[PDB]
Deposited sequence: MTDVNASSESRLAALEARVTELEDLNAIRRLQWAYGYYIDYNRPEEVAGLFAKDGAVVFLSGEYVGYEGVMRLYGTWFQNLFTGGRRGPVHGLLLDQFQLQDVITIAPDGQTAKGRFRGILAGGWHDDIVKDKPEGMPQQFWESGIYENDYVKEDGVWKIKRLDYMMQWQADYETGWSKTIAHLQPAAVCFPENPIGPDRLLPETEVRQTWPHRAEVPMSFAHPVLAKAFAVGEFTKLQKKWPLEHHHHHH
């Protein structure tokens, strides 16, 4: 009942540091992607970590460099570390809800991003056909983390786009586009390492289940009890 108190405090302070460290991975991730810097992004990942993009997984430093570098950086900046003249890709990061597992060796986190993106008139000659010149996009992250040798790293980065808009017309006017199945790397040089089982896009919606327990009611939370209090109108 002094050793017990110290050990219990040490655990509590470790969890507070764990939360800060995991939130920092996401906030840093954002500052690196805004500048199309895939190297810093890949270094955030456990070597067996993955990024989920278009219903596949891009695995390890190779997969992360392929997605953010071979695909995105070539597409957006012509294969230059950013930022560069006339290219905006700000993915503002916010609203972290992080859950450390009981053993303190893994964690989950919900986050979200809002992207303001575009090719300025000065560089729109370099914009790929079929991309809007300036756009908004938002999505939800439900990510996994691992603590390796005392350091938190990204184990799974799963960004689920919720909506997109052309700046000029807004989210209400976006045309649905049917998403074909990806071909994997290596046959597809920018493809995923592997496919997920069985997402079509805005205006279609699908819940992203919360990784976090109800913060007041926890496992006792029952929807139906509360639904009884609502009426038709």
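Residues of the deposited sequence missing from the coordinate set occupy positions 1 to 6, 205 to 207, 243 to 251.
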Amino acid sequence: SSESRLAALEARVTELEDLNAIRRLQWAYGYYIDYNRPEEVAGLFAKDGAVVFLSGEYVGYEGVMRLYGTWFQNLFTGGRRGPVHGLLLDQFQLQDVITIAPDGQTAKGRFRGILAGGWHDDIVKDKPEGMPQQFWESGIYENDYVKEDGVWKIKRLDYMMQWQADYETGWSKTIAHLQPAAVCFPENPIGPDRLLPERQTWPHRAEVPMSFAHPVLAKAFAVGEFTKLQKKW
From here on, numbers count along this sequence of modelled residues.
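Taking only CA atoms, the mean B-factor in the PDB entry is higher for 56 to 64 than for the other of 56 to 64 and 34 to 42. Comparing 9 to 17 with 220 to 228, the stretch with the higher mean C-alpha B-factor in the PDB entry is 220 to 228. Set against one another, the Cα B-factors of 126, 121, 96, 158 in the record reach their highest point at 126. Across the options 208, 28, 190, 178, the residue with the most elevated CA B-factor in the record is 178. Among the modelled residues of the chain, residue 200 sits in the highest third by CA temperature factor in this PDB entry.
For residue 117, the recorded CA B-factor ranks within the lowest third of the chain. Only modelled residues enter the ranking. Among all modelled residues in this chain, the alpha-carbon of residue 48 has a temperature factor (C-alpha) in the highest third.
Among all modelled residues in its chain, residue 104 ranks in the highest third by Cα B-factor. Annotation for residue 79: C-alpha temperature factor in the middle third relative to the rest of the modelled chain, per the entry.
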